[PDB]
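Structure first, then comments.
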Amino acid sequence: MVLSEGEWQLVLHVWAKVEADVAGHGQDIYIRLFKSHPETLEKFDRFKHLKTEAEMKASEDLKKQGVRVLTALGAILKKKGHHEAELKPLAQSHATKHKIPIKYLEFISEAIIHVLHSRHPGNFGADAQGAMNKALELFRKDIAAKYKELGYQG
Ligand code: HEM
Ligand SMILES: [O-]
């Protein structure tokens, strides 16, 4: 699905708030993901031992990974759909090495939306959330197509 420029601006206006503290947002998103869908934590060899939210919050390595995820996603969002180059390395590692199903990308998308909804009411009202969902649906659609090209059912 193709986003309008207005939709992209709603996406980028809340992403600007994430960027005040990408590390803190990444921690909240990972905690939400692992709490809501615990099976996703099992895909992380370095983090699957974490037992509680306190341990997740105290993990410097998890914090760094959160920053990587959100910075990679931010670069994709800033391309406003013209993210072919950015999806190549990401799809390859996630399909072949990490083996992350599309359903798990749906789960992290849900966690992103949940955290933006709680933190950023000023920039994440209904229309803004709809635009972000559209952007994440586009991301997942295009990643799923790349997964298939790479040989992974997803
Ligand atoms: C918005 C969706 C996501 C983005 C933008 C993203 C981005 C990244 C990036 C940039 C890296 C480091 C480089 C690489 O290996 O590709 C990474 C690593 C990884 N990703 Fe993702 N990721 C996403 C979703 C997920 C999900 C949902 C899972 C599992 C449920 C996952 C599992 C992993 C694992 C296991 C690693 C290796 C982590 C480590 O260094 O210990 N990713 N991801
Ligand atoms: O990730």
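Residue numbering restarts at 1 for every chain of the structure tokens, chains are lettered A, B, ... in their displayed order, and ligands are numbered from 1 as they appear.
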
List as a tab-separated table every residue of chain A that is in contact with ligand 1, defined as an atom at most 7 Å from one of its atoms (using only C-alpha atoms and all ligand atoms), together with the nearest atom pair and the distance in Å rounded to one decimal, sorted by chain and then rising number.
```
residue	atom	partner	partner_atom_place_in_ligand_line	distance
A:40	CA	ligand 1	30 (C)	4.2
A:41	CA	ligand 1	30 (C)	6.3
A:43	CA	ligand 1	35 (C)	5.1
A:44	CA	ligand 1	35 (C)	4.0
A:45	CA	ligand 1	41 (O)	6.2
A:46	CA	ligand 1	41 (O)	5.0
A:47	CA	ligand 1	41 (O)	7.0
A:65	CA	ligand 1	40 (O)	6.5
A:68	CA	ligand 1	10 (C)	4.9
A:69	CA	ligand 1	7 (C)	4.0
A:70	CA	ligand 1	5 (C)	6.2
A:72	CA	ligand 1	5 (C)	5.1
A:73	CA	ligand 1	5 (C)	4.4
A:89	CA	ligand 1	16 (O)	6.5
A:90	CA	ligand 1	16 (O)	4.8
A:93	CA	ligand 1	16 (O)	4.9
A:94	CA	ligand 1	16 (O)	6.2
A:98	CA	ligand 1	35 (C)	5.1
A:100	CA	ligand 1	29 (C)	5.5
A:104	CA	ligand 1	27 (C)	4.8
A:105	CA	ligand 1	27 (C)	4.5
A:107	CA	ligand 1	27 (C)	6.6
A:108	CA	ligand 1	27 (C)	5.0
A:109	CA	ligand 1	1 (C)	6.5
```

Let me see the file: selected residues, N, CA and C atoms, as a PDB file, in the first residue's frame.
```
ATOM      1  N   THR A  40       9.397 -14.617  21.315  1.00  0.00           N
ATOM      2  CA  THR A  40      10.325 -13.823  20.529  1.00  0.00           C
ATOM      3  C   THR A  40      11.690 -13.693  21.188  1.00  0.00           C
ATOM      4  N   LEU A  41      11.752 -13.686  22.517  1.00  0.00           N
ATOM      5  CA  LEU A  41      13.016 -13.585  23.231  1.00  0.00           C
ATOM      6  C   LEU A  41      13.929 -14.766  22.939  1.00  0.00           C
ATOM      7  N   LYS A  43      14.635 -16.140  20.177  1.00  0.00           N
ATOM      8  CA  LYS A  43      15.401 -15.942  18.962  1.00  0.00           C
ATOM      9  C   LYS A  43      16.717 -15.217  19.213  1.00  0.00           C
ATOM     10  N   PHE A  44      16.875 -14.593  20.373  1.00  0.00           N
ATOM     11  CA  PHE A  44      18.088 -13.858  20.688  1.00  0.00           C
ATOM     12  C   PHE A  44      19.048 -14.702  21.511  1.00  0.00           C
ATOM     13  N   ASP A  45      20.084 -15.246  20.874  1.00  0.00           N
ATOM     14  CA  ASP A  45      21.072 -16.051  21.582  1.00  0.00           C
ATOM     15  C   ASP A  45      21.728 -15.292  22.728  1.00  0.00           C
ATOM     16  N   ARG A  46      22.019 -14.007  22.541  1.00  0.00           N
ATOM     17  CA  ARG A  46      22.677 -13.228  23.571  1.00  0.00           C
ATOM     18  C   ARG A  46      21.756 -12.767  24.687  1.00  0.00           C
ATOM     19  N   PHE A  47      20.439 -12.731  24.479  1.00  0.00           N
ATOM     20  CA  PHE A  47      19.514 -12.196  25.461  1.00  0.00           C
ATOM     21  C   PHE A  47      18.462 -13.149  25.990  1.00  0.00           C
ATOM     22  N   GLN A  65      21.267  -2.937  21.252  1.00  0.00           N
ATOM     23  CA  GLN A  65      20.524  -3.571  20.153  1.00  0.00           C
ATOM     24  C   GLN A  65      19.262  -2.786  19.813  1.00  0.00           C
ATOM     25  N   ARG A  68      20.151  -0.024  17.564  1.00  0.00           N
ATOM     26  CA  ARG A  68      20.345  -0.519  16.208  1.00  0.00           C
ATOM     27  C   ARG A  68      19.027  -0.731  15.472  1.00  0.00           C
ATOM     28  N   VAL A  69      18.063  -1.367  16.129  1.00  0.00           N
ATOM     29  CA  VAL A  69      16.769  -1.633  15.518  1.00  0.00           C
ATOM     30  C   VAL A  69      16.073  -0.340  15.127  1.00  0.00           C
ATOM     31  N   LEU A  70      15.969   0.580  16.089  1.00  0.00           N
ATOM     32  CA  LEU A  70      15.215   1.803  15.813  1.00  0.00           C
ATOM     33  C   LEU A  70      15.940   2.699  14.826  1.00  0.00           C
ATOM     34  N   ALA A  72      17.896   1.616  12.315  1.00  0.00           N
ATOM     35  CA  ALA A  72      17.669   0.975  11.019  1.00  0.00           C
ATOM     36  C   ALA A  72      16.247   1.230  10.533  1.00  0.00           C
ATOM     37  N   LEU A  73      15.266   1.097  11.423  1.00  0.00           N
ATOM     38  CA  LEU A  73      13.879   1.339  11.044  1.00  0.00           C
ATOM     39  C   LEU A  73      13.663   2.807  10.703  1.00  0.00           C
ATOM     40  N   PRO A  89      20.037  -5.963   3.211  1.00  0.00           N
ATOM     41  CA  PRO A  89      20.834  -6.576   4.266  1.00  0.00           C
ATOM     42  C   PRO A  89      19.980  -7.053   5.426  1.00  0.00           C
ATOM     43  N   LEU A  90      18.943  -6.289   5.750  1.00  0.00           N
ATOM     44  CA  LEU A  90      18.050  -6.610   6.852  1.00  0.00           C
ATOM     45  C   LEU A  90      17.264  -7.885   6.591  1.00  0.00           C
ATOM     46  N   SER A  93      19.763 -10.981   6.701  1.00  0.00           N
ATOM     47  CA  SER A  93      20.142 -11.462   8.028  1.00  0.00           C
ATOM     48  C   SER A  93      18.947 -12.040   8.771  1.00  0.00           C
ATOM     49  N   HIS A  94      17.793 -11.383   8.686  1.00  0.00           N
ATOM     50  CA  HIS A  94      16.619 -11.848   9.421  1.00  0.00           C
ATOM     51  C   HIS A  94      16.006 -13.111   8.852  1.00  0.00           C
ATOM     52  N   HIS A  98      18.956 -15.106  11.517  1.00  0.00           N
ATOM     53  CA  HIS A  98      18.105 -15.032  12.716  1.00  0.00           C
ATOM     54  C   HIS A  98      16.822 -15.861  12.584  1.00  0.00           C
ATOM     55  N   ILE A 100      13.536 -14.972  11.457  1.00  0.00           N
ATOM     56  CA  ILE A 100      12.444 -14.235  12.085  1.00  0.00           C
ATOM     57  C   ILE A 100      11.197 -14.234  11.222  1.00  0.00           C
ATOM     58  N   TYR A 104       6.492 -12.514  13.768  1.00  0.00           N
ATOM     59  CA  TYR A 104       7.308 -11.858  14.788  1.00  0.00           C
ATOM     60  C   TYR A 104       7.595 -10.403  14.429  1.00  0.00           C
ATOM     61  N   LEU A 105       7.680 -10.093  13.135  1.00  0.00           N
ATOM     62  CA  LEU A 105       7.784  -8.699  12.704  1.00  0.00           C
ATOM     63  C   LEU A 105       6.475  -7.975  13.004  1.00  0.00           C
ATOM     64  N   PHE A 107       4.594  -8.763  15.605  1.00  0.00           N
ATOM     65  CA  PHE A 107       4.677  -8.548  17.044  1.00  0.00           C
ATOM     66  C   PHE A 107       5.516  -7.329  17.403  1.00  0.00           C
ATOM     67  N   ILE A 108       6.681  -7.134  16.775  1.00  0.00           N
ATOM     68  CA  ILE A 108       7.486  -5.959  17.130  1.00  0.00           C
ATOM     69  C   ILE A 108       6.813  -4.684  16.638  1.00  0.00           C
ATOM     70  N   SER A 109       6.086  -4.752  15.523  1.00  0.00           N
ATOM     71  CA  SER A 109       5.325  -3.605  15.037  1.00  0.00           C
ATOM     72  C   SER A 109       4.269  -3.198  16.061  1.00  0.00           C
TER      73      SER A 109
END
```

Picked from chain A by DSSP as helix (DSSP H, G or I), as number ranges by chain: A: 5-18, 22-36, 38-43, 53-58, 60-78, 84-98, 102-119, 126-150

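The interatomic distance for the pair CA of residue 1 in chain A and CA of residue 131 in chain A works out to 11.2 Å.
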
Polymer residues at most 12 Å from residue 52 in chain A, only C-alpha atoms, same-chain spacing of 6 or more positions, as a PDB file with C-alpha atoms, in the first residue's frame:
```pdb
ATOM      1  CA  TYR A  30      11.901  -4.621  23.611  1.00  0.00           C
ATOM      2  CA  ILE A  31      10.391  -4.959  27.100  1.00  0.00           C
ATOM      3  CA  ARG A  32       6.894  -4.676  25.609  1.00  0.00           C
ATOM      4  CA  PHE A  34       9.187  -9.763  25.272  1.00  0.00           C
ATOM      5  CA  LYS A  35       6.343  -9.331  27.782  1.00  0.00           C
ATOM      6  CA  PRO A  38       7.738 -14.202  25.210  1.00  0.00           C
ATOM      7  CA  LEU A  41      13.016 -13.585  23.231  1.00  0.00           C
ATOM      8  CA  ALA A  58      19.790  -3.157  33.081  1.00  0.00           C
ATOM      9  CA  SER A  59      21.213  -4.901  29.999  1.00  0.00           C
TER      10      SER A  59
END
```

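The two atoms in question, CA of residue 62 in chain A and CA of residue 25 in chain A, are spaced 11.9 Å apart.
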
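Between residue 82 in chain A and the candidates A:154, A:22, A:7, A:139, the tightest atom-to-atom separation, counting only C-alpha atoms, involves A:139.
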
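Closest approach to ligand 2 from the set A:111, A:67, A:23, A:75 is made by A:67, with distances taken over only C-alpha atoms and all ligand atoms.
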
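When only C-alpha atoms and all ligand atoms are used to measure the gap to ligand 2, the shortest distance among A:17, A:28, A:53, A:64 belongs to A:64.
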
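Between ligand 2 and the candidates A:101, A:6, A:24, A:66, the tightest atom-to-atom separation, counting only C-alpha atoms and all ligand atoms, involves A:66.
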
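Reported to one decimal place, the separation of CA of residue 37 in chain A from CA of residue 110 in chain A is 10.3 Å.
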
Residues at most 12 Å from residue 124 in chain A, counting only C-alpha atoms, excluding those fewer than 6 positions away in the same chain, as a ChimeraX atom specification? /A:9-18,112-118,130-133

Could the residues in this selection be saved with N, CA and C atoms as a compact mmCIF listing (two decimals), in the first residue's frame?
```txt
# COMPACT_ATOMS: atom_id res chain seq x y z
N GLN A 9 4.49 12.36 6.70
CA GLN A 9 4.81 13.42 7.66
C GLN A 9 4.31 13.06 9.06
N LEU A 10 3.17 12.39 9.19
CA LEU A 10 2.72 11.97 10.52
C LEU A 10 3.69 10.95 11.11
N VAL A 11 4.19 10.04 10.28
CA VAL A 11 5.18 9.06 10.70
C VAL A 11 6.46 9.74 11.17
N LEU A 12 6.98 10.65 10.35
CA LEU A 12 8.24 11.32 10.66
C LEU A 12 8.14 12.27 11.84
N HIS A 13 6.97 12.84 12.09
CA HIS A 13 6.81 13.75 13.23
C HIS A 13 6.85 13.02 14.55
N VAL A 14 6.34 11.79 14.64
CA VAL A 14 6.54 11.10 15.89
C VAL A 14 7.93 10.45 15.99
N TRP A 15 8.51 10.11 14.81
CA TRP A 15 9.86 9.54 14.87
C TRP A 15 10.87 10.56 15.38
N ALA A 16 10.58 11.85 15.11
CA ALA A 16 11.43 12.91 15.64
C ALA A 16 11.45 12.91 17.17
N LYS A 17 10.36 12.50 17.82
CA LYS A 17 10.29 12.42 19.27
C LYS A 17 11.01 11.19 19.79
N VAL A 18 10.90 10.06 19.09
CA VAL A 18 11.69 8.88 19.40
C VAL A 18 13.17 9.25 19.46
N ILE A 112 6.01 -1.44 18.95
CA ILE A 112 6.36 -0.07 18.57
C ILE A 112 5.14 0.82 18.70
N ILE A 113 4.01 0.39 18.12
CA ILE A 113 2.77 1.17 18.19
C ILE A 113 2.33 1.37 19.63
N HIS A 114 2.41 0.34 20.45
CA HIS A 114 2.00 0.45 21.85
C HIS A 114 2.81 1.49 22.61
N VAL A 115 4.13 1.46 22.44
CA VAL A 115 5.02 2.39 23.12
C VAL A 115 4.85 3.81 22.61
N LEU A 116 4.70 4.00 21.30
CA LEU A 116 4.45 5.35 20.78
C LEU A 116 3.11 5.88 21.29
N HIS A 117 2.10 5.01 21.36
CA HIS A 117 0.79 5.42 21.86
C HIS A 117 0.86 5.88 23.31
N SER A 118 1.64 5.19 24.14
CA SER A 118 1.74 5.57 25.54
C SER A 118 2.64 6.77 25.77
N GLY A 130 -2.61 5.47 12.54
CA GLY A 130 -2.98 4.83 11.27
C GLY A 130 -1.85 4.94 10.25
N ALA A 131 -1.23 6.11 10.17
CA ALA A 131 -0.13 6.34 9.24
C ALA A 131 1.06 5.45 9.59
N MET A 132 1.40 5.36 10.87
CA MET A 132 2.50 4.50 11.30
C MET A 132 2.18 3.04 10.99
N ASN A 133 0.95 2.60 11.26
CA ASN A 133 0.58 1.23 10.92
C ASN A 133 0.73 0.99 9.42
```

Could you list, as a PyMOL selection string, every residue within 7 Å of range 141-144 of chain A, counting only C-alpha atoms and ignoring same-chain residues fewer than 5 positions away? chain A and resi 87+91+102+154

Rank A:61, A:55, A:127, A:21 by their smallest atom-to-atom distance to ligand 2, using only C-alpha atoms and all ligand atoms, and report the top residue only. A:61
